[PDB]
């Protein structure tokens, strides 16, 4: 009758990782030049682990990307793994406008589909965003996958799942009137249950400073395994993020899984304050990306970088935790997790796996 869906956790096996090559000068006003190189570094690291699908506007852009990638991979050892797609984009925030892959189950059959949510540039802060909003459909077309549309605004960076029924989010973002004016909390949860197949929504509070997404959870807390959440915690009582992070840490310490058992909470440091043009930037180690063989963590040229990497290495002992300097990328108000979106690999023979 009615199908059910399943959203694999970020640590589940990937078929690939998607990226939207940067080109919007307005995203990094006055300092765009360093950005392309960061994406090349990211694409290179990802190509060591799995296929990398990159959205570009035209052949000229693809050439520019290939040149920068050649500096990272002079011999093209992993060149075959980087596949370009002529898919228009307005911004590079693939995490938020990108393909939200889910596994659909209906009448005993399972298939991979793209769950298309609406995108409105974090509450209408940027424009235009029609191409970003169309990315999921063009990806589905390119891969020949079915697409289901929800009609509700939702960014991938605003949610985080444990792959077993739990979904972590923030009231600051999902309940902000600038996203879904006509919807209330009950309706929003109903849609998350319906289209993502989750069972329990865990609502955290406010996000971090300098954040233009109105509190994305992916700049603060993330599931690392079925019952463990890593959360950034500021130790400087005078820092603006001290209070918000403290409230959410204490809240997490009272949250439980479906079994009613307390979730394991791992503390992560916050980067030392990052500024540009006299403005606080939303730098956070929680904005890391889990790939098949590596975990890519944004770093901000400070002694806390190695601390965050070591903690994440403990959380993912089977992977190589690698840092990528995001000192310039963060001027775009997002980092590694924000510019990526995994494509989970669905095994066709369910009885075998």
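Numbering follows the first chain given and starts at 1.
- Stretches 232 to 240 and 115 to 123 differ in mean CA B factor, with 232 to 240 having the higher one.
- When the two stretches 69 to 77 and 98 to 106 are set side by side, the higher mean Cα temperature factor goes to 69 to 77.
- Among 326, 286, 60, 46, the highest C-alpha B-factor in the deposited entry belongs to 60.
- Per the deposited coordinates, the residue with the largest Cα temperature factor out of 130, 212, 160, 137 is 212.
- When the CA B factors of the chain's modelled residues are split into thirds, the value for residue 303 lands in the middle one.
- Residue 254 sits in the highest third of its chain by CA B factor, as recorded in the PDB entry.
- When all modelled residues of the chain are sorted by CA temperature factor, residue 260 is found within the highest third.
- Sort the modelled residues of the chain by CA B factor and residue 155 lands in the lowest third.
- Among all modelled residues in its chain, residue 188 ranks in the lowest third by Cα B-factor.
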